[PDB]
Amino acid sequence: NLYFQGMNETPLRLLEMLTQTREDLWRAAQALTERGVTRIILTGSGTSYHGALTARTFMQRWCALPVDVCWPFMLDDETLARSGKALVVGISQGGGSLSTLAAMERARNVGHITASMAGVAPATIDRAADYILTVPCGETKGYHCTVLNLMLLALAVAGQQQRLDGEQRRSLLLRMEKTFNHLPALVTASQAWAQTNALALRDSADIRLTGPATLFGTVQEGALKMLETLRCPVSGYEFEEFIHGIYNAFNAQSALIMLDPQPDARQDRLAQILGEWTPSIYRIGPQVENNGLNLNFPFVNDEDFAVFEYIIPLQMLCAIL
Amino acid sequence: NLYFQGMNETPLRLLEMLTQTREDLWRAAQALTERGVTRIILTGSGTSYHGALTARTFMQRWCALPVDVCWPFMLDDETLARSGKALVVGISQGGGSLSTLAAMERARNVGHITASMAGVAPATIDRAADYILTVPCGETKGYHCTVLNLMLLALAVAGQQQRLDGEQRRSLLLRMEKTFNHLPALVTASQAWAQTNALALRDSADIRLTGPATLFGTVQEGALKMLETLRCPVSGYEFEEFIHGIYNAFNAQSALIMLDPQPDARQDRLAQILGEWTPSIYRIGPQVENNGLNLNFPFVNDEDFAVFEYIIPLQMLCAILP
């Protein structure tokens with residue numbers, strides 16, 4: 001299977017990114033600090049947008065700045081003019097979209113600093129970038145690399161502003177490395193689980209993914225890749241939004257895949273109620289019930305880096321269904 | 001069809017709002033200017049969220065401040081800690097979601113000023129509101145009234161900060177009033193159009209709505225209501241996002257409803273291209289070709305207030321299809 005060769009290599013591609021000197025990111029972090037950037041704006045579509053969503057919190061924290069995430073069209077002339085000076089970063093799994101290009105140029109015209117994050121070099125969006133921060137993918141991993149690239153930028157900014165010492169830099173790299181090394185085990189487990197529940201998930205009309213706000217980008221990306229690969233409806237919701245609009249988001253024909261990184265009364269309760277109506281409930285987490293449907297796996301569960309783990313079972317469904 | 005009595009009265013409800021003295025809006029405008037608020041954050045879900053999307057631009061311009069629109073869960077403590085002092089406005093068609101309430105309480109605990117925009121009074125979200133800006137509903141119009149409520153707040157802020165003189169004020173009200181007076185004719189035209197294209201839309205697997213950025217809130221809200229009423233898949237996309245992700249958002253079995261406020265080469269091209277593959281293409285605008293499928297209608301097309309017009313045809317499909 002061609003999709004496995006891509007998944008099996010992702011952990012190592014991620015590890016390699018930990019041992020590359022990123023002169024490009026440091027030049028960006030330097031300009032950011034010195035040229036009075038007041039907020040970071042991440043813009044793109046689909047996977048790129050989901051990567052930005054997934055990396056937002058980590059970026060806010062380490063950059064010590066607001067971090068906005070939106071679709072390129074939300075960045076019109078007026079929004080860009082009202083905003084304080086920002087580093088607008090256009091993200092793309094490819095060479096960039098017309099919308100993203102246009103957005104970067106509008107920002108650059110008003111005086112904002114721009115950067116490109118393409119999956120290839122040269123990219124079209126590089127034309128509008130003051131700093132090319134290309135995601136290193138040489139010649140599946142896309143989402144993962146995009147997320148780590150954004151986090152590395154956050155760390156570059158932290159260090160340039162002298163808010164990241166050796167002990168912090170190391171602790172972080174150790175945590176990232178620990179999670180990456182545990183992915184292969186999760187890939188194998190995910191395959192077993194994905195194969196065990198293939199018949200049921202196919203036999204559902206549509207599929208709904210949900211989880212805590214901390215994994216919103218995860219469920220969004222999961223939903224997109226399943227729609228894109230399996231060709232049937234799949235949507236990803238933040239848990240409370242799903243509850244609030246449950247009847248527009250689910251019926252007896254639907255299947256639910258829920259992300260349970262930690263015990264949660266409210267999520268357990270939803271699972272209990274839907275369970276009475278349908279047997280198509282699949283939960284993923286370290287302490288979920290070990291029936292045949294769930295994926296009970298000892299996730300590293302790093303508060304910042306578990307995002308690299310929880311997308312894997314969802315990607316596996318794309319590969320085996 | 002109780003949905004009509006609702007729609008028929010909406011234009012009159014909106015006109016009334018223009019002549020109401022809104023001390024509540026003014027107090028909020030005064031408090032904003034005096035307590036160093038640096039941005040407005042509109043938060044909510046569904047129709048409330050869409051209403052926020054629809055009014056964003058108008059608010060930015062007249063408040064002269066950045067305006068964010070996001071779901072409550074996005075407003076976490078770390079985001080509220082990083083943000084400059086803001087006016088967080090919690091919006092809920094009903095009394096409020098626990099999510100919006102929690103967001104407001106989180107903003108309040110860190111020093112941000114809060115405001116509530118519910119459709120009822122008292123509303124659950126009023127509990128965490130420094131300023132209750134209730135949408136004046138009395139006991140369909142919800143989305144219209146919420147968008148207007150938000151726009152009146154912006155005018156109140158512009159007034160307090162002496163950036164909206166009498167002539168500008170009077171001019172903006174004329175425009176709003178002209179759009180509102182033209183809605184009844186649009187309701188009659190929409191019903192006729194919806195009845196003419198009834199069967200075709202019923203026989204489509206799923207419906208996709210698209211439009212320019214300036215009407216994103218419109219296709220989002222229209223999508224949600226049609227899904228909620230017709231009980232089948234409906235999604236609203238911004239035009240270019242739609243082109244960029246076409247194969248995941250559309251196929252031969254799909255029906256497209258497109259909003260064409262003005263002539264656009266790219267939209268025409270898309271319609272021509274898709275037209276070869278499916279006849280289920282429906283365009284809404286003043287200059288759309290007058291075949292049976294499209295809704296060619298003389299919209300007022302106000303660059304700011306056309307939002308009150310283009311949602312009507314989509315709302316009419318909810319009322320007459322099922």
# chains A, B, ... in the order shown; residues from 1 in each chain; ligands from 1
$ interface_residues --of "chain A" --to "chain B" --cutoff "9 Å" --atoms "only C-alpha atoms" --output "number ranges by chain"
A: 45-46, 57, 60-61, 64-67, 71-74, 78-79, 82-84, 97-99, 213, 224, 227-228, 231, 238, 240-241, 244-245, 247-248
$ write_last_selection --atoms "N, CA and C atoms" --output "mmCIF file, in the first residue's frame"
data_model
loop_
_atom_site.group_PDB
_atom_site.id
_atom_site.type_symbol
_atom_site.label_atom_id
_atom_site.label_comp_id
_atom_site.auth_asym_id
_atom_site.auth_seq_id
_atom_site.Cartn_x
_atom_site.Cartn_y
_atom_site.Cartn_z
ATOM 1 N N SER A 45 -5.906 27.531 3.509
ATOM 2 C CA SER A 45 -7.130 26.752 3.350
ATOM 3 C C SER A 45 -6.884 25.271 3.660
ATOM 4 N N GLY A 46 -7.964 24.522 3.895
ATOM 5 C CA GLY A 46 -7.882 23.089 4.188
ATOM 6 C C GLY A 46 -6.820 22.684 5.205
ATOM 7 N N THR A 57 -2.275 27.723 19.697
ATOM 8 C CA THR A 57 -1.965 27.857 21.120
ATOM 9 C C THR A 57 -0.469 27.852 21.421
ATOM 10 N N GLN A 60 0.918 31.226 20.321
ATOM 11 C CA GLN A 60 0.583 32.331 21.219
ATOM 12 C C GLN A 60 1.558 32.360 22.380
ATOM 13 N N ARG A 61 1.680 31.204 23.018
ATOM 14 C CA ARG A 61 2.506 31.042 24.197
ATOM 15 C C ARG A 61 3.963 31.441 23.984
ATOM 16 N N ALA A 64 4.525 34.996 22.566
ATOM 17 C CA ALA A 64 4.048 36.025 23.481
ATOM 18 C C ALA A 64 3.347 37.109 22.668
ATOM 19 N N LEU A 65 2.511 36.677 21.730
ATOM 20 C CA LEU A 65 1.763 37.576 20.852
ATOM 21 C C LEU A 65 0.439 36.949 20.437
ATOM 22 N N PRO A 66 -0.547 37.790 20.078
ATOM 23 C CA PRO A 66 -1.765 37.200 19.568
ATOM 24 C C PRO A 66 -1.471 36.499 18.250
ATOM 25 N N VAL A 67 -2.163 35.392 18.015
ATOM 26 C CA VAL A 67 -1.997 34.635 16.797
ATOM 27 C C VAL A 67 -3.378 34.410 16.208
ATOM 28 N N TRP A 71 -9.126 32.356 6.862
ATOM 29 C CA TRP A 71 -9.066 32.063 5.457
ATOM 30 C C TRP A 71 -8.616 33.343 4.758
ATOM 31 N N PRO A 72 -7.908 33.196 3.631
ATOM 32 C CA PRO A 72 -7.342 34.377 2.997
ATOM 33 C C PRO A 72 -8.324 35.510 2.724
ATOM 34 N N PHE A 73 -9.557 35.184 2.345
ATOM 35 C CA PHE A 73 -10.519 36.224 1.978
ATOM 36 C C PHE A 73 -10.960 37.106 3.151
ATOM 37 N N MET A 74 -10.771 36.634 4.383
ATOM 38 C CA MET A 74 -11.091 37.418 5.572
ATOM 39 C C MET A 74 -10.094 38.559 5.714
ATOM 40 N N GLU A 78 -9.498 46.521 4.385
ATOM 41 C CA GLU A 78 -9.948 47.163 5.624
ATOM 42 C C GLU A 78 -9.465 46.469 6.886
ATOM 43 N N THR A 79 -9.558 45.142 6.911
ATOM 44 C CA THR A 79 -9.094 44.368 8.058
ATOM 45 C C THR A 79 -7.596 44.575 8.243
ATOM 46 N N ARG A 82 -6.902 48.256 9.612
ATOM 47 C CA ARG A 82 -7.305 48.455 11.009
ATOM 48 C C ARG A 82 -6.340 47.750 11.963
ATOM 49 N N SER A 83 -5.807 46.614 11.523
ATOM 50 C CA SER A 83 -4.919 45.807 12.340
ATOM 51 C C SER A 83 -3.594 46.460 12.641
ATOM 52 N N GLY A 84 -3.033 46.132 13.801
ATOM 53 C CA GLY A 84 -1.694 46.583 14.138
ATOM 54 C C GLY A 84 -0.720 45.804 13.264
ATOM 55 N N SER A 97 -2.131 29.237 -3.165
ATOM 56 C CA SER A 97 -3.369 29.505 -3.892
ATOM 57 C C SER A 97 -3.452 30.961 -4.302
ATOM 58 N N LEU A 98 -4.342 31.262 -5.237
ATOM 59 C CA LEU A 98 -4.501 32.634 -5.696
ATOM 60 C C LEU A 98 -4.968 33.493 -4.532
ATOM 61 N N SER A 99 -5.899 32.962 -3.744
ATOM 62 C CA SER A 99 -6.436 33.673 -2.589
ATOM 63 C C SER A 99 -5.348 34.024 -1.592
ATOM 64 N N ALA A 213 -11.708 21.179 22.577
ATOM 65 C CA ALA A 213 -11.250 22.333 21.806
ATOM 66 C C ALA A 213 -9.762 22.234 21.522
ATOM 67 N N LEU A 224 -11.561 16.310 6.932
ATOM 68 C CA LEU A 224 -11.224 16.667 5.557
ATOM 69 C C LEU A 224 -10.566 15.523 4.782
ATOM 70 N N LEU A 227 -13.126 12.768 4.036
ATOM 71 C CA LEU A 227 -14.032 13.185 2.968
ATOM 72 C C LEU A 227 -13.293 13.055 1.652
ATOM 73 N N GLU A 228 -12.101 13.639 1.619
ATOM 74 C CA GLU A 228 -11.271 13.691 0.424
ATOM 75 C C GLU A 228 -10.840 12.328 -0.118
ATOM 76 N N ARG A 231 -14.590 9.676 0.141
ATOM 77 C CA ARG A 231 -15.662 10.211 -0.712
ATOM 78 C C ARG A 231 -17.070 10.138 -0.128
ATOM 79 N N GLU A 238 -15.982 20.761 17.469
ATOM 80 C CA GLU A 238 -15.504 20.914 18.825
ATOM 81 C C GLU A 238 -16.673 20.327 19.601
ATOM 82 N N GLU A 240 -18.488 20.809 22.509
ATOM 83 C CA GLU A 240 -19.652 21.574 22.960
ATOM 84 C C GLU A 240 -20.495 22.132 21.793
ATOM 85 N N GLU A 241 -19.842 22.502 20.695
ATOM 86 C CA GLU A 241 -20.561 22.984 19.512
ATOM 87 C C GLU A 241 -21.383 21.841 18.913
ATOM 88 N N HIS A 244 -24.414 21.450 21.265
ATOM 89 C CA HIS A 244 -25.313 22.580 21.060
ATOM 90 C C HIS A 244 -26.122 22.426 19.770
ATOM 91 N N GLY A 245 -25.500 21.901 18.718
ATOM 92 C CA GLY A 245 -26.204 21.693 17.449
ATOM 93 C C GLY A 245 -26.339 20.231 17.057
ATOM 94 N N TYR A 247 -28.672 17.980 16.745
ATOM 95 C CA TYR A 247 -29.687 17.489 15.804
ATOM 96 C C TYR A 247 -29.488 17.888 14.332
ATOM 97 N N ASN A 248 -28.574 18.821 14.076
ATOM 98 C CA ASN A 248 -28.209 19.180 12.709
ATOM 99 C C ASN A 248 -26.913 18.468 12.346
#
$ select_by_dssp --residues "stretch 24-256 of chain B" --states "strand (DSSP E)" --output "VMD selection string"
chain B and resid 39 to 43 67 to 70 86 to 92 113 to 118 131 to 132 206 to 211 234 to 238 254 to 256
$ select_by_dssp --residues "stretch 178-274 of chain A" --states "helix (DSSP H, G or I)" --output "ChimeraX atom specification"
/A:178-196,198-202,213-230,239-244,246-249,265-274
$ atom_distance --atom1 "atom CA of residue A:40" --atom2 "atom CA of residue A:113"
9.7 Å
$ residues_around --residues "residue B:317" --least-positions-apart "2" --cutoff "9 Å" --atoms "only C-alpha atoms" --output "PDB file with C-alpha atoms, in the first residue's frame"
ATOM      1  CA  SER B 190     -38.433  34.997  -4.089  1.00  0.00           C
ATOM      2  CA  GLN B 191     -41.604  32.992  -3.430  1.00  0.00           C
ATOM      3  CA  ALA B 194     -38.786  29.239  -5.239  1.00  0.00           C
ATOM      4  CA  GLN B 195     -42.075  27.770  -6.501  1.00  0.00           C
ATOM      5  CA  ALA B 198     -39.226  23.797  -6.419  1.00  0.00           C
ATOM      6  CA  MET B 226     -31.837  24.980   4.496  1.00  0.00           C
ATOM      7  CA  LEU B 230     -34.944  20.506   4.205  1.00  0.00           C
ATOM      8  CA  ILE B 312     -34.261  36.318   1.635  1.00  0.00           C
ATOM      9  CA  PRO B 313     -34.270  34.008  -1.418  1.00  0.00           C
ATOM     10  CA  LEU B 314     -32.377  31.387   0.600  1.00  0.00           C
ATOM     11  CA  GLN B 315     -34.881  31.780   3.473  1.00  0.00           C
ATOM     12  CA  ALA B 319     -40.293  27.974   3.674  1.00  0.00           C
ATOM     13  CA  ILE B 320     -41.574  26.481   0.408  1.00  0.00           C
ATOM     14  CA  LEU B 321     -39.451  23.367  -0.441  1.00  0.00           C
ATOM     15  CA  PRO B 322     -40.530  20.862   2.263  1.00  0.00           C
TER      16      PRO B 322
END
$ residues_around --residues "residue B:59" --least-positions-apart "5" --cutoff "10 Å" --atoms "only C-alpha atoms" --output "CSV table (one decimal) with N, CA, C and O atoms, in the first residue's frame"
chain,number,residue,atom,x,y,z
B,40,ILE,N,-13.0,44.8,19.1
B,40,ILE,CA,-14.3,44.2,19.4
B,40,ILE,C,-14.1,42.7,19.0
B,40,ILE,O,-13.6,42.4,18.0
B,52,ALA,N,-22.7,37.8,13.0
B,52,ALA,CA,-21.4,38.4,13.3
B,52,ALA,C,-20.6,38.5,12.0
B,52,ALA,O,-20.0,39.6,11.7
B,54,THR,N,-21.5,38.6,8.9
B,54,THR,CA,-22.2,39.5,8.1
B,54,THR,C,-22.0,41.0,8.4
B,54,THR,O,-21.8,41.8,7.5
B,64,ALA,N,-13.9,51.8,14.0
B,64,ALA,CA,-12.5,52.2,13.8
B,64,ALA,C,-11.6,51.4,14.6
B,64,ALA,O,-10.5,51.8,15.1
B,65,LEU,N,-12.0,50.1,14.9
B,65,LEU,CA,-11.2,49.2,15.7
B,65,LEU,C,-11.3,47.8,15.0
B,65,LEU,O,-12.1,47.6,14.1
B,66,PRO,N,-10.3,47.0,15.3
B,66,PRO,CA,-10.3,45.6,14.7
B,66,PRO,C,-11.5,44.9,15.2
B,66,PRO,O,-12.0,45.1,16.4
B,67,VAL,N,-12.1,44.0,14.4
B,67,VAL,CA,-13.3,43.3,14.9
B,67,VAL,C,-13.1,41.8,14.6
B,67,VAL,O,-13.0,41.4,13.4
B,150,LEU,N,-26.2,44.8,15.6
B,150,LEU,CA,-24.7,45.0,15.5
B,150,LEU,C,-24.3,46.2,14.8
B,150,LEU,O,-23.4,46.9,15.2
B,151,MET,N,-25.0,46.5,13.7
B,151,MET,CA,-24.7,47.7,12.9
B,151,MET,C,-25.1,49.0,13.6
B,151,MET,O,-24.4,50.0,13.5
B,152,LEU,N,-26.2,49.0,14.4
B,152,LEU,CA,-26.5,50.2,15.2
B,152,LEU,C,-25.5,50.4,16.3
B,152,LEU,O,-25.3,51.6,16.6
B,153,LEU,N,-24.9,49.4,16.8
B,153,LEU,CA,-23.9,49.6,17.9
B,153,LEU,C,-22.7,50.3,17.2
B,153,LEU,O,-22.2,51.3,17.8
B,154,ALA,N,-22.3,49.9,16.0
B,154,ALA,CA,-21.2,50.6,15.3
B,154,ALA,C,-21.5,52.0,15.1
B,154,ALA,O,-20.6,52.9,15.2
B,155,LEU,N,-22.7,52.4,14.8
B,155,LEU,CA,-23.1,53.8,14.5
B,155,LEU,C,-23.1,54.5,15.9
B,155,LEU,O,-22.8,55.7,15.9
B,157,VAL,N,-21.0,53.9,18.4
B,157,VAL,CA,-19.6,54.1,18.7
B,157,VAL,C,-19.0,55.2,17.8
B,157,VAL,O,-18.3,56.1,18.3
B,158,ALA,N,-19.4,55.3,16.5
B,158,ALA,CA,-19.0,56.3,15.6
B,158,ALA,C,-19.5,57.7,16.1
B,158,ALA,O,-18.8,58.7,16.0
$ residues_around --residues "residue A:59" --least-positions-apart "4" --cutoff "10 Å" --atoms "only C-alpha atoms" --output "PyMOL selection string"
chain A and resi 40+52+54-55+63-67+150-155+157-158
$ write_last_selection --atoms "N, CA, C and O atoms" --output "mmCIF file, in the first residue's frame"
data_model
loop_
_atom_site.group_PDB
_atom_site.id
_atom_site.type_symbol
_atom_site.label_atom_id
_atom_site.label_comp_id
_atom_site.auth_asym_id
_atom_site.auth_seq_id
_atom_site.Cartn_x
_atom_site.Cartn_y
_atom_site.Cartn_z
ATOM 1 N N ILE A 40 0.670 37.735 15.123
ATOM 2 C CA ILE A 40 0.921 36.810 14.020
ATOM 3 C C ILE A 40 -0.403 36.386 13.382
ATOM 4 O O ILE A 40 -1.343 36.024 14.084
ATOM 5 N N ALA A 52 -2.534 25.455 11.006
ATOM 6 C CA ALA A 52 -2.511 26.723 11.714
ATOM 7 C C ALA A 52 -3.365 26.633 12.981
ATOM 8 O O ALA A 52 -2.938 27.068 14.050
ATOM 9 N N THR A 54 -4.189 23.967 14.663
ATOM 10 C CA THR A 54 -3.518 23.030 15.558
ATOM 11 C C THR A 54 -2.300 23.624 16.248
ATOM 12 O O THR A 54 -2.016 23.270 17.382
ATOM 13 N N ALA A 55 -1.598 24.538 15.583
ATOM 14 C CA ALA A 55 -0.405 25.157 16.163
ATOM 15 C C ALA A 55 -0.673 26.496 16.877
ATOM 16 O O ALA A 55 0.221 27.032 17.549
ATOM 17 N N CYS A 63 5.475 32.832 21.319
ATOM 18 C CA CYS A 63 5.722 34.103 20.639
ATOM 19 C C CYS A 63 5.348 35.273 21.553
ATOM 20 O O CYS A 63 5.816 36.397 21.355
ATOM 21 N N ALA A 64 4.525 34.996 22.566
ATOM 22 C CA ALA A 64 4.048 36.025 23.481
ATOM 23 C C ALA A 64 3.347 37.109 22.668
ATOM 24 O O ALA A 64 3.578 38.297 22.871
ATOM 25 N N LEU A 65 2.511 36.677 21.730
ATOM 26 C CA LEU A 65 1.763 37.576 20.852
ATOM 27 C C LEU A 65 0.439 36.949 20.437
ATOM 28 O O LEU A 65 0.300 35.728 20.452
ATOM 29 N N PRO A 66 -0.547 37.790 20.078
ATOM 30 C CA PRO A 66 -1.765 37.200 19.568
ATOM 31 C C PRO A 66 -1.471 36.499 18.250
ATOM 32 O O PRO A 66 -0.610 36.945 17.486
ATOM 33 N N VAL A 67 -2.163 35.392 18.015
ATOM 34 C CA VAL A 67 -1.997 34.635 16.797
ATOM 35 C C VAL A 67 -3.378 34.410 16.208
ATOM 36 O O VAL A 67 -4.194 33.706 16.788
ATOM 37 N N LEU A 150 5.488 25.446 12.032
ATOM 38 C CA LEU A 150 4.914 26.582 12.752
ATOM 39 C C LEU A 150 5.385 26.638 14.211
ATOM 40 O O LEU A 150 5.613 27.722 14.754
ATOM 41 N N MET A 151 5.517 25.476 14.851
ATOM 42 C CA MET A 151 5.974 25.429 16.240
ATOM 43 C C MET A 151 7.440 25.838 16.333
ATOM 44 O O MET A 151 7.831 26.536 17.269
ATOM 45 N N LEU A 152 8.244 25.406 15.361
ATOM 46 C CA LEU A 152 9.662 25.764 15.322
ATOM 47 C C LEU A 152 9.822 27.278 15.139
ATOM 48 O O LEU A 152 10.741 27.893 15.686
ATOM 49 N N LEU A 153 8.920 27.877 14.369
ATOM 50 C CA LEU A 153 8.941 29.318 14.182
ATOM 51 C C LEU A 153 8.690 29.972 15.539
ATOM 52 O O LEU A 153 9.396 30.906 15.923
ATOM 53 N N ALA A 154 7.688 29.469 16.259
ATOM 54 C CA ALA A 154 7.352 29.971 17.586
ATOM 55 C C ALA A 154 8.591 29.957 18.505
ATOM 56 O O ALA A 154 8.873 30.937 19.203
ATOM 57 N N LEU A 155 9.319 28.837 18.490
ATOM 58 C CA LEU A 155 10.541 28.679 19.278
ATOM 59 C C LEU A 155 11.664 29.611 18.814
ATOM 60 O O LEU A 155 12.453 30.078 19.627
ATOM 61 N N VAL A 157 11.202 32.585 17.553
ATOM 62 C CA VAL A 157 10.811 33.884 18.083
ATOM 63 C C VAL A 157 11.126 33.956 19.581
ATOM 64 O O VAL A 157 11.651 34.955 20.068
ATOM 65 N N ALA A 158 10.818 32.887 20.306
ATOM 66 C CA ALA A 158 11.066 32.839 21.740
ATOM 67 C C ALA A 158 12.545 33.081 22.053
ATOM 68 O O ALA A 158 12.882 33.894 22.919
#
$ residues_around --residues "residue A:304" --least-positions-apart "2" --cutoff "12 Å" --atoms "only C-alpha atoms" --output "ChimeraX atom specification"
/A:54-59,61-62,147-148,151,172-173,175-176,179,214-215,300-302,306-310
$ atom_distance --atom1 "atom CA of residue B:24" --atom2 "atom CA of residue B:90"
15.1 Å
$ residues_around --residues "stretch 112-124 of chain B" --least-positions-apart "5" --cutoff "7 Å" --atoms "only C-alpha atoms" --output "PyMOL selection string"
chain B and resi 85-96+104+107+129-137+139
$ atom_distance --atom1 "atom CA of residue A:194" --atom2 "atom CA of residue A:316"
6.7 Å
